[PDB]
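First the structure, in the form of structure tokens, and then the observations on it.
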RNA sequence: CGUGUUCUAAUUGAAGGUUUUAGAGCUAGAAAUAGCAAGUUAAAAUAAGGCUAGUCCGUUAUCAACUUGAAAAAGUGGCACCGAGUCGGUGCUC
DNA sequence: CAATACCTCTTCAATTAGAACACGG
DNA sequence: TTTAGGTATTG
């Protein structure tokens, strides 16, 4: 006789229970435990809060990291295992010192000095070769045998930090001189293209190409010197290509299909080559000439140093940085001595202040130290060159800085190679292992290979040819690499909804194509002059149509049918076709795709070869990497010409279908012995449809399927709640709410509800890049003209201006950067139709009156001027298809009366699909009973509501919601949603299809919805009491019921249950604190004394536990008795559970009482004394446990007082509210008295409270809007949970935390329900 | 069907940061002190660590209590009424 | 004791897959 | 992107 309404949010879940007259019931419960009480009475409405659920994204980037860090450790491992024999010969302990290089001299086992043991020599190496990049030049240059331990020393370093694989190819650093290389291209292109000849013109190609200027520009700067060549003309692309780019010369050679080329991209050498043959072999020389330049320029940025001396440029550059520090370090210090020597300690000796002494020795970034000395360099004179260097960002470089990593790995490998070649003569073992050693630097598992697991990884999927250990060297052979690649993908791709078991067919499969075609053809009607009835296409006719027309054309069209087949074959001079649009919707595209590739039409037609064409496409869809693609294209390799095969690889396919293969031809109807495809071709008489067939009872197809949906019988609840497409947090809530219902029903005597009413409610650097790119494609200097910062664009009217590129969207005029305030944000589509605050639906222009009518999308006039302008933006990606299409819409017709009706509806019916399964799951769990007909006995209605019913209802009925006062409102919001949705479908059963779950003309529809919520009101002239005119049933009573709502709303006691959740996650703050004398510090590794070595700190605690036990005090070690809290940290927790006592004793607690220990999750609740209540938060601290049941009038009063966004109300009413603000303006004192009395009673943090009071007291003069909003601010001290910062108008009130758990220890412990209804109460004295 | 954004799940890379150690500091001066020279680099751990010993796994999800289960998860607590500062009383069942 | 006041690893690359949602045709 | 438990500091 009751109904349950619930609110499901990210962090909260609101529930309620309602009588037959919208009252809320009031039951007396039991209370297990030792306390005197044996029952308590509580209301039937409330909210269960919790911590927001957390996504796996951080954890995965952890998962990734750990797999990542160790592999790098492994590379440093293979060098040693290569080296071990020859290193012991040379040195016994070199490797041992390195492993133990970290340990303290006292704990050091071998000689402290890693490289040579001796103190004297190590000093020597460090001063001939002071930075490891001084050593890296030597052994790529020197032709004199060198100490092996220096050689390994070089090698690991490159391997440990190796360079990025963004670019894959081979680099011959014979490319140092760009001018020479470029000039050589001018030559070979002239020879190729005698008719139009370039002139080199003495461009500082090295100078032009070399420069930092943006990549697109340089090719422009180069073509600005040429005497009159087009940018996109053949030369231009080539030039553009060497600089990393993906130009296109398809337009100069008019290839039918676009021919796009990146040197960097893996698919280049063939790609040009696959292309190159097609333009003649002659050019091929031209591109290589281009690559050779690319190599010389490509590396240009890492070193501008003359190539000619050095075969190891990148490292040589670092030597350069070192020298350019030294003399600028002498000259700075020297200059400071020359002027302002007095302030010289701060700059160098003192770490703290960002001084150079800070820079080397303190936590001072390169950007933190460059902006410290900026005044000083300026303030000083004679430093002018110095200033120039800094502005360049070159002032005092360090060898490791954030940027490196635009160093490709192929010079780090360019330099590994030079060393081995250099010294393999001295040492035979290198030539034996040069390949291995290079392969260590070279080798990266691909993504599709996955973790090299052996059956123990939830994550990995690869499969093994040989079970021997995998080493970079043996890799291809051990891993079933291709097969593994098909495994990568076949776990993230779909299964048929109809058939769970069969994995979905790829999109470009011929069979889907013979299915789509034969299906769209099944309902073609045709008529001619002679016939009585227009009739279906016959089986003979369809096959004839598919074979002739479709197999001959990509697209088959209506008059292709009329004249090509009927006239040609059936000779109907003229015909009428009912079935189709201008052309058939499907096409036999894949059939056509192939015909071009292999040119054997009968082959495609032949049935026997048909499983090849699906295992061609399943392999062509399935794979990304062209080398990978080849492997399974060998299996069918024998038949085709070699020339085709090369062609075959290129046309890769994408996307996947929804239909399987046993469906389309998989299953056979028993009586008729035909599969759907069979059915589709040749259903005699009526031509049944896929949909039809799947519901033809006469047919077995529905029946057979029936088993398929059933198999596995669904899955248990979280197994299902964790597969719904949505927020991780939202799913957590979805679960929690059902755990509420099964109680609320359990509570209501296991009596199922009449109605269950559900609601759900609804980047800093992202803005920077999108603009960054957009201007670049646009090429405007507007970004240059005015620059801005990454922290600035959370303000739209600023941010919008940039996407619009400083021009009026509706006006074609430039914009005032400074006075954005005068201008107006305009939402393209009016808010009344839809509520959109997105960058997608907003625009900024001076006046929002130039778009057009208030009541429509921007006017035809607006589109005409700037439709074109809107294209530059879309291409720039400065706007979007959603943003664009609406903007251009008016030429599509402005929103039709049909459109408007649609928006007004969607405000009220929830079409959000995440809120659907949730609705569905309730129905399924709730209604299990089955009637004699297959039909379902729906005994609980489910209802989904949009927020706007309830949110508006408070606005129009004096039920205002102030979130800030209390956590209560999340619970009122079920109640309202309960009675709203119950009373709705008691007046309009017709809407039950829309509002409840289970199976032009618009203008009126607009009316029907807009006024739907009228009936509650007395005047809009409505009768007080509502009814169903059909059933003679009462639904509403304006007088009695409204009063009831107020009675429910202001109820003093609501159930508010912070979920007790055990803490999880990282053990402690990731930061590694320096060695300290603290027992707080945690030893980073099991041997490493943090007093000695440094450690972590700040461990989080998965749950605390009360030990009532004894410890010894004093020399006597007398055993006293304690009862304290011991938090068990998350490193510790695993250890605890194996045995607590042994673990507990270890801490030193003695004669621990085994039975007494009680696990306490974070957020546990104790009520001590006055009814002041507290939630555990950490072992040492507790949280505000109390809620404020503010009498409503104060709740109502404030909402108006804050006066949010001024007033949105209808004008006459606004007068009505105001007097009451100041009739009851004295209420403000009442509120403070309400906080003031309560704060004294429960919050119990007086030291602050006087402080708070005073702020209000001296601000009595200030207006209510000011004072009024702020009092709302002041609620923050009050609120359930943990202290945070807050202020009155300018006065900031710091928090007061609760610093020990002692006061809990002889107090009540409350273990409540998932609802707060059932409790068990524990008086802690013992 | 086409397209596009957004968000989620997985995999495979790069660059910094941090932490002890190694880069013979000197000149005075009994000393705290005070004069100047030096600084740019490397090694190593990078969740403690687990057994299934992999170039594997190690921060998501799920969690009142009590009886019971390995775990999953099943089982446990009268009703009415009048009233309201976090549930208080009444009558009834019991 | 419990009042104040500081601290909290970061920023980039590449590849697949699928909902969900909103424009067009 | 800011909270809200851990840390040692000062009165």
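Residue numbers (the entry's author numbering): 4 to 765, 776 to 1012, 1030 to 1050, 1059 to 1364.
Don't be surprised by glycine CBs; every beta carbon is placed ideally from N, CA and C.
Check                                                                                                                       : Outcome
Separation of residue 212 from residue 416, as counted between CA atoms                                                     : 25 Å
Residue 960 versus 937, 1253, 1288 and 924, residue with shortest Cα-Cα distance                                            : 924
Whether residue 721 touches residue 747 by CB criterion (8 Å)                                                               : no
Alpha-carbon to alpha-carbon, residue 1225 and residue 1317                                                                 : 7 Å
Residue 181 vs residue 303 beta-carbon contact at 8 Å                                                                       : yes
Host beta strand (DSSP E) of residue 1346 (start-end)                                                                       : 1346-1349
Beta-carbon proximity of residue 389 to residue 326, cut-off 8 Å                                                            : no
CA-to-CA distance, residue 625 to residue 560, given in whole angstroms                                                     : 32 Å
Integer-rounded CB distance, given that residue 1091 should sit under 8 Å from residue 45                                   : 7 Å
Beta-bridge partners of residue 837, as assigned by DSSP                                                                    : 858
Buried or exposed (CB count within 10 angstroms, at least 16 for buried), residue 167                                       : exposed
Where residue 828 sits in the DSSP three-state scheme                                                                       : coil
CB-CB length for residue 11 against residue 740, believed under 8 Å                                                         : 5 Å
Span of the beta strand (DSSP E), counted from its first residue to its last, around residue 1358                           : 1357-1361
Closest residue to residue 1071 among 1000, 1102, 68 and 1039 (Cα-Cα distance)                                              : 1000
C-alpha distance - residue 862 paired with residue 900, whole-angstrom precision                                            : 15 Å
Beta carbon of residue 1032 nearer than 8 Å to that of residue 914                                                          : yes
Distance between residue 592 and residue 579 (C-alpha atoms, nearest Å)                                                     : 27 Å
Beta-carbon proximity of residue 1142 to residue 1214, cut-off 8 Å                                                          : yes
Cutoff 7 Å; reference residue 932; Cβ partners in own chain excluding five residues on either side                          : 761, 955, 957 and 1010
Proximity below 8 Å, CB of residue 825 to CB of residue 882                                                                 : yes
Local Cβ density within 10 Å of residue 735, reported as buried at 16 or more and exposed below that                        : buried
Bridge partner(s) assigned by DSSP for residue 560                                                                          : 586
Cβ pair count under 8 Å reaching 3, the region 1121-1132 against the region 1094-1108                                       : no
Neighbourhood of residue 70 by C-beta distance below 7 Å, restricted to the same chain and skipping five residues each side : 454
Meets three-Cβ-pair contact criterion under 8 Å: the region 266-275 and the region 620-635                                  : yes
Same chain only: Cβ atoms within 8 Å of residue 1314, ignoring 5 sequence neighbours per side                               : 977, 1322 and 1324
Pairwise C-alpha distance: residue 1152 and residue 1205                                                                    : 35 Å
Unbroken stretches of the alpha helix (DSSP H), 4 residues or longer, contained in the region 1123-1154                     : 1128-1131
Residue 1220 vs residue 1336 beta-carbon contact at 8 Å                                                                     : yes
Cβ-based neighbour list, residue 253, same chain, cut-off 6 Å, excluding 5 preceding and 5 following                        : 261 and 262
Residue 8 - partner residues in DSSP beta bridges                                                                           : 19 and 760
Close Cβ partners of residue 107 (< 8 Å) along its chain, the five nearest in sequence each way excluded                    : 1130 and 1131
CA-to-CA distance, residue 808 to residue 1331, given in whole angstroms                                                    : 27 Å
Cα-Cα separation between residue 127 and residue 101, rounded to whole angstroms                                            : 18 Å
Segments assigned alpha helix (DSSP H), at least 4 residues, entirely inside the region 1297-1337                           : 1302-1316
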